[PDB]
Every structure is written in structure tokens, then in C-alpha cells.
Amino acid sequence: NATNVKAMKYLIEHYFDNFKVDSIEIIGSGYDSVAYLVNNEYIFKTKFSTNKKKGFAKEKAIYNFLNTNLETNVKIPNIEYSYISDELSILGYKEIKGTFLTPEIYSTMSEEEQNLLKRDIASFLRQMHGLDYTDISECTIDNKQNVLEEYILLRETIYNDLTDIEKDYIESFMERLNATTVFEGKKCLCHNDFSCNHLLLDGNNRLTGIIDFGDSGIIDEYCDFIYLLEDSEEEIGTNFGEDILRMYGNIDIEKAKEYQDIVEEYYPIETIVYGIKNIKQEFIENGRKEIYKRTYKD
């Protein structure tokens, strides 16, 4: 813990000339990124070399586009420091203060408080999805086409060594992908990782901030409801997403649910593909095991 911090302190002070680190601690870890709280005031997100190049470039472009075009009281990161290179990227911004939404917290809220939070979310998503995205048009994401490409990569690498059960899970997913219509609707700018661990509450349990637009892009409108609709320990629950969808309006709820159910089915495959691309056997294994867990359930 002590050593990472020292290296990152050095790099921050090196790349940002007059920035002085008086304190620094790890506040979070993705699987190939790390976030630090610095001087109790700044978040610094960092990343070394990864399969997905230009990641922090797009993320930065999005923050800039949003800070310029959103009219909202909800805070999002506003980038003050950035360094972007193949081998190393860093984004720094002032920490948004607040408490992350969790299921526990939600359950202590009154019905009215829950309603106002749902309205706040719906409104934010309505405003973001409504933006003219011409100026960020480079940030397009085609999930269907991405999946097809990932399937081809599988075929070119490990597919032949998979078991029949594994192959059947994959082929049955591809058949569903080919039959669905859920990619043919409205495209817009989406947060695209819109889970409750990215949502911040103020002291009245109202939505005060949103973080981690690191996967954001122009993509299906349905994308931003995938976690709101999720039934799991980490998310609030399907009814929460449903109510938010009704407040948001003008969207086919059944298709939103189909979209979520398809993304969830893909997860073990997505995991395997991550392992292949990053030469991390442990992910390949975990994804394959998960296919068995899902196959044997019910």
C-alpha cells in the first residue's frame, strides 16, 4: 500500500509541475486502473499500458463535452489535470463530496425520499440522453458489432478447446443476439456504467453527483438502465429501475429489460474475452466456470 502511493506521488508531482502532494491514499481499484485521493481534495485516476488504448483520452473528452453542455445541479468530474500517453494516463479533478448510494441506504429512506431520488435520476438521464452529441461524435460504441468482433477473436484463439457445454452457451447467446431487435432503437450519449456505486447523495439523500464516465459513449438509450434494472446484492432492484423508466418516459420498458437480460447473459463471455485480450488466464477460467454455474441453475 505504502509503495504504490509513493510512485504515484512522484508521477503526479513530476507531470503536474506545481502540484504538491501533502497526502495521498488509494480510494479505489479497477482491474487495470487505480484511483487516489490526494490532499483530501483531489481524485487522481491512473492507468498504465492496456489493451484499450485512448481510454482516458475519450473519458476526458466526455467530461469536457458534458461540463460545457449539461445544465444540471448534479456534479460530475471536471478535469483540471491530465496526462495522456500510451504507457501512462492520469486524470485529476476535485473530489465530489457525498455518500454513495447503496441498497442499505435506500431502504432507510421514506417513500417520498425514494421518489425524489428516482426523479433526480430520471431527470439527469433525460437531459444527458437529450444532448446533441455532434461534438463528441467520435465516441460511438456499437455493442452488437463489438460482440461479433469478440466472437471472431474467440474463434481465432481458444474456441476449439472449449467444452461442448461452453460452446453451446456461446452459440445460444449468438443466436439470441442475431434474433433480437434491441440494438435498433434510439442511440444517444449514455454514461454506460450507471450503477449505484457511481451515484452520490447529499445530506438529504438527493442525488448530488455522478462519477466514472469512463465507458460513456453514443450507444443504445437502453444502456443506462441495465444496472437500475438489476436484481442483485449490489443494486437496489428491478422495481427501482422500472419506476425510473416510467418517470423517464417514452421508452419501451420490456425492451430495456431484454437489453439488460442479454448483457447479463454475455457476462461470462465478456469475462473470457477480457482474459484472452489481456493474457490473464484467471479470467478465462472464471468465465468458463461461470458458464457452468449458469447452465446448472434452476
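Residues carry their position along the shown sequence, with the first being 1.
Across the two stretches, 16-24 and 270-278, the PDB entry reports the greater mean Cα temperature factor for 16-24. Looking at mean Cα B-factors across 251-259 and 64-72, the upper value is held by 64-72. Each of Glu242, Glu59, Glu264, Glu234 has a CA temperature factor in the record; the biggest one is found at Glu234. Of the candidates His129, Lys167, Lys97, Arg206, the PDB record gives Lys97 the highest C-alpha temperature factor.
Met8: CA B factor lies in the middle third for its chain, per the PDB record. Among all modelled residues in its chain, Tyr31 ranks in the highest third by Cα B-factor. Per the PDB record, residue ranking by Cα B-factor puts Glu184 in the highest third of the chain. Among the modelled residues of its chain, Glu112 has a C-alpha B-factor that falls in the middle third, as given in the PDB entry. In the PDB entry, a CA B factor belonging to the highest third of its chain's modelled residues is recorded for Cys139.
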